[PDB]
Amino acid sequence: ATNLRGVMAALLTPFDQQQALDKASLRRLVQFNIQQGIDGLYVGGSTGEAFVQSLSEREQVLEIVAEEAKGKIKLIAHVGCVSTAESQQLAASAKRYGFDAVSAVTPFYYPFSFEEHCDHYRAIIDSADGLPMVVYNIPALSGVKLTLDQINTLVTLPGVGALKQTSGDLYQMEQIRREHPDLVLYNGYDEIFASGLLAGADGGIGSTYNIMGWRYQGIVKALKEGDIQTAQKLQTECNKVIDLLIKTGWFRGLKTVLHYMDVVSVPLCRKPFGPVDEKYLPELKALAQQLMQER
């Protein structure tokens, strides 16, 4: 494709017993996603446990993923940090590795004015040296609450080519689409994907795509063909899985599923994240069984 629209998986970062990067597992996961027919990969975001990794660690993941999939699927590098300098450094690396775009979550923890938020994005676009920027809006985790006018301004900053809208507000989703007819708009909450597209999103970036991305591709197609029932059924099945992931723990639940699919060696997350309660293993293992059979 010659654009950034599509269904992109937010890549997980496989670790070993020592909580260190499991390269072999990382490669298998990238290849697994490609096999599922995913349009691209969102790397180094929240889902990649980037915020509990160092700059060089995130950089190492970007390089491996590029090697594995550059030129086969689109690659978006989340380079955001609270620090502008650190974010710029990762932006330069992503450019160097040949990614198709960069992305950054609104800097968090410290309260920054909207003007400071804009300058932060501008500085990163600068270090991105040509790669388009995907503004990343996720108030739930960032705590940064933006008005519609602020979102419009951000999406219109020179160099911005897309918005990752991780919000359950579908009134605002529709308002954004109405204001920007050509904007690449990613639905950020998997559990409302179907309704998100109907409201105006023309794609999505999600962590659960890793184990059932074909289902989301299926909803996009179903909607395009006017098959509401199929779209709803697919969304219902995705939410049944989401209910479980919320019970078991999101990232660790996903890594465990990927473990039973023979993709990830050690399904651990980094501390403070704890391990999956062994009582959930049966359901998680059984889920992997279904997903593989469903393929």
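Note that residue numbering begins at 1 and tracks the sequence as displayed.
As listed in the deposited structure, the average C-alpha B-factor of 207-215 and of 221-229 is greater for 221-229. Comparing 137-145 with 73-81, the stretch with the higher mean C-alpha B-factor in the PDB entry is 137-145. Ranked by Cα temperature factor within the chain, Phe51 sits in the middle third according to the deposited record. Sort the chain's modelled residues by C-alpha temperature factor and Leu12 lands in the middle third, per the entry.
The entry lists a Cα temperature factor for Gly44 that places it in the lowest third of the chain's modelled residues. Ranked within its chain, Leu254 lands in the middle third, by CA B factor from the PDB record. Among the modelled residues of its chain, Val241 has a C-alpha B-factor that falls in the middle third according to the deposited record.
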